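Visitor: Here's a structure for you.
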Amino acid sequence: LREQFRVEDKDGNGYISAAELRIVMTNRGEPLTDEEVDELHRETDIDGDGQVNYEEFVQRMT
Ligand SMILES: O=[N+]([O-])c1ccc2[nH]nnc2c1
Ligand SMILES: [Ca+2]
Ligand SMILES: [Ca+2]
Numbered sequence: 010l011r012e013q014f015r016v017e018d019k020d021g022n023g024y025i026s027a028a029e030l031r032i033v034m035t036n037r038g039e040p041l042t043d044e045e046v047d048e049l050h051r052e053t054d055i056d057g058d059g060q061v062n063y064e065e066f067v068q069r070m071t
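Count the sequence shown with the entry's author numbering and you get residues 10 to 71, in order.
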């Protein structure tokens, strides 16, 4: 979990941004449009501040 978050959090700022997530999903060839990835990100972003923090990332993966 921590390692996976670190991989996605490309700039190391303790958040996964929507742009970082689009890079993640493209890098592994997921069959999702950028817009669908944006919706995944927004639903994972419980507090709505535009960033997926580690707590949110854990709730998603669980
Ligand atoms: O931040 N996310 O919304 C999110 C959702 C699904 C994922 N799968 N792998 N990393 C993921 C990140
Ligand atoms: Ca980041
Ligand atoms: Ca958030």
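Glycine included, C-beta positions come from ideal geometry on N, C-alpha and C.
Hey, could you find the ends of the alpha helix (DSSP H) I32 is sitting in?
Guide: Residues 27 to 36.
Visitor: Cα separation between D43 and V33?
Guide: Answer to the nearest angstrom: the Cα atoms are 11 Å apart.
Visitor: Pull up the distance between the alpha-carbon of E65 and that of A28, whole angstroms please.
Guide: Using only the alpha carbons, I get a separation of about 16 Å.
Visitor: Among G57, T53, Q60, whose alpha-carbon lies nearest the alpha-carbon of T71?
Guide: Nearest option by C-alpha distance: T53.
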